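Colleague:
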Amino acid sequence: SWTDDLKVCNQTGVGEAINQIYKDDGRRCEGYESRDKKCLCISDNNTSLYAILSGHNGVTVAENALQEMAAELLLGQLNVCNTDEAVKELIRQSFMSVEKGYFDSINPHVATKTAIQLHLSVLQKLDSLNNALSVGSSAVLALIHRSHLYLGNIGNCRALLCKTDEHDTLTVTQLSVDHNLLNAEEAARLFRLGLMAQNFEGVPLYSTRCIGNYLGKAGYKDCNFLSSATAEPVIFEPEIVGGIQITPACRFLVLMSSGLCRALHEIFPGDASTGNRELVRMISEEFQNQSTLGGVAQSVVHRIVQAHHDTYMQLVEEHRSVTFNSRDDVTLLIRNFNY
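For the sequence shown, the residue numbers in the UniProt record's numbering are 12 to 34, 37 to 134, 150 to 367.
1) Measure the alpha-carbon distance for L221 versus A259 and round it to whole angstroms.
2) For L157, count neighbouring Cβ atoms within 10 angstroms of its own Cβ and tell me buried if that reaches 16, exposed if not.
3) Taking the alpha-carbon of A212 as reference, which of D299, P121, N59 has the nearest alpha-carbon?
4) What does a CB cutoff of less than 8 Å around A84 pick up in its chain, not counting 5 residues either side in sequence?
5) Using a Cβ-Cβ cut-off of 7 Å (strictly less than) and excluding sequence neighbours within five positions of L218, which residues of its own chain qualify?
6) Does at least one heavy atom of the ligand SAM sit under 7 Å from the Cβ of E85?
7) Given a cut-off of 8 Å on the beta-carbon distance, is the pair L169 and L62 in contact?
8) Am I right that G240 and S165 are in contact with their C-beta atoms under 8 Å? What's the rounded C-beta distance?
9) If contacts are defined as beta-carbon pairs under 8 Å, then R355 and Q31 qualify, I think. What distance do you get, rounded to the angstrom?
10) Look at the Cβ atom of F352, then the Cβ atom of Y367, and state whether they are nearer than 8 Å.
11) Whose C-beta lies closer than 6 Å to the C-beta of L66 among residues of the same chain, with five residues either side of it excluded?
12) Relative to the alpha-carbon of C52, which residue among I272, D15, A225, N59 has its alpha-carbon at the smallest distance?
13) Just to confirm the assignment, what range does the alpha helix (DSSP H) spanning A187 have?
14) Excluding the 5 residues preceding and the 5 following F280 in the sequence, name in chain order all residues of the same chain whose CB lies nearer than 7 Å to its CB.
15) For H337, name the three-state secondary structure that DSSP assigns.
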């Protein structure tokens, strides 16, 4: 619609750090293209959207997905549905047809791959290029519709609500569901497909659900390394939580992109929720120290990314294990109810 234009939320602060490849040398290689796509859109007095879409191996899908979901639920298909169930169904449908749109788009691309692969059983290399149908996107979108918070996510991106309770202080509570190996249920799903952890060595933080990525869906076989599986590994089944009544007790909402989750887990060690607490310490220390909302967000991001490169550099300093060696686009969104 392009979201880029839609009115901006003065109650939301943004932090961004651009993807990096860390050189052993010491130097780095920042990208140009961000693969993270954001929205902090006010459609109307009641309706507003906060979303991060993390593009994988490409920006095409994340771009297209944000534009389409804004279009499917912003102008303004929301006043026709009362019940929380109907609003949930609205967002559920919005994902469904973002995926429908993907598979209509790549339709010929696969028919081109199979066409050239059929003539095998002078350039040839463009066959690798042709496996550009590995492009897809994680997504997290919080939709505040008139004192009610709705949350639809798929893949790596994450959503946190910070509540203060009966003797305080700050209770972090993840509304998102991680669709990757940080989530045992997902590990067990893969286990059951005939996959093992060793199949995912060297592959950063593979989301086990996402928009698009034909290569991990139908024709996962043309993975090497998705190829042992006995059924499609990457399923399309987003998670939708409905009608969280934003109360005076609800303090602020935190949206995390894929890059950000990856980074946190690489520096914080284990258990995919210690990372959260340390992100929300980190910010709660920042709103005693800063005043501008986008400044708080940019300071916290800026800490982590160098906390990340220190962890890398303090790994190359000691016995050079070196698990990670890069950074994806880090993005942080803080929607604030109570300063």
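Ideal placement from N, C-alpha and C gives every residue a C-beta, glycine not left out.
Modeller: So, to answer that:
1) Their Cα atoms are separated by approximately 6 Å.
2) By the beta-carbon neighbour count (other beta carbons within 10 angstroms, threshold 16), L157 is exposed.
3) Comparing Cα positions, the closest option is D299.
4) Cβ within range, chain order: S12.
5) Once the five neighbours on either side are set aside, the close Cβ partners of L218 are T236, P261.
6) For the structure depicted, the ligand SAM is absent and the ligand set is empty, with no information on it obtainable.
7) Yes, the pair counts as a contact, with Cβ atoms nearer than the cut-off.
8) Between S165 and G240 the Cβ distance is about 6 Å, and since that is below 8 Å, they are a contact.
9) A Cβ-Cβ distance of about 4 Å is found for the pair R355 and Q31, placing them in contact under the 8 Å criterion.
10) Cβ atoms of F352 and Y367: not closer than 8 Å.
11) Cβ contact annotation for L66 (same chain, cutoff 6 Å, sequence separation greater than five): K50, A75, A78, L79, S165, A167, in chain order.
12) Comparing Cα-Cα distances from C52 to each of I272, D15, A225, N59, the minimum goes to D15.
13) For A187, no alpha helix (DSSP H) run applies; the uninterrupted beta strand (DSSP E) run containing it begins and ends at 186 to 191, by DSSP.
14) The residues are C190, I362, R363, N364, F365, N366.
15) In this structure, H337 counts as helix in the three-state DSSP scheme.
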